[PDB]
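Participant: sequence? don't have it. structure:
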């Protein structure tokens, strides 16, 4: 395992990114909340938002805009559910 955090995307104990996801203090709470499993989900909405807003991935404006969707999510309105599976991995 990488780090030691409680995957908020499910409600268990998974491995955290152990690194700053974005420039700012917010990321500090993202890597300490997200897990190696929930990470895959973060990428999902990432695209949906980029296409739903037509942001510029090339620029940080696309990453700074999504940061508001991750914070207000759990760190904000607060939403947690029990689901998901634990598939295999490689490398």
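Facilitator: Thanks, I have the structure now. Numbers count the residues shown, from 1 in each chain.
Participant: Surely residue 71 touches residue 26?
Facilitator: Yes. In this structure, residue 71 is within contact of residue 26 by Cβ atoms under 8 Å, at 5.9 Å. (Each C-beta comes from the backbone N, C-alpha and C, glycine too.)
Participant: any residues in contact with both of those two?
Facilitator: Among the neighbours of residue 71, none is also in contact with residue 26 (Cβ atoms under 8 Å, 6 or more residues apart in numbering).
Participant: how close does the spatially most central residue of the chain sit to residue 30?
Facilitator: The geometric centre of the chain, computed from its C-alpha atoms, lies nearest to residue 42 (Cα atoms, centre = their mean), at 4.2 Å. Residue 42 sits 8 Å away from residue 30, going by Cβ to Cβ, to the nearest Å.
Participant: Contact partners for residue 29?
Facilitator: 71, 75.
Participant: go with 6 Å
Facilitator: Counting by Cβ atoms under 6 Å, 6 or more residues apart in numbering, residue 29 makes contact with nothing.
Participant: Identify the spatial nearest neighbour of residue 28, chain neighbours not counted.
Facilitator: The shortest distance from residue 28 to any non-neighbouring residue, by Cβ to Cβ, 6 or more residues apart in numbering, is to residue 20 (6.7 Å).
Participant: repeat for residue 2
Facilitator: Closest to residue 2 by Cβ to Cβ, 6+ apart is residue 15, at 4.3 Å.
Participant: Residue 82 now?
Facilitator: In space, residue 82 is closest to residue 11, 5.5 Å off (Cβ to Cβ, 6+ apart).
Participant: in the helix ranked longest in the chain, what's buried?
Facilitator: For the chain, the longest helix by residue count, based on DSSP state H, is helix 38-53. Buried residues in helix 38-53, counting neighbours by 16 or more other Cβ atoms under 10 Å, are found at 38, 39, 42, 46, 49, 50.
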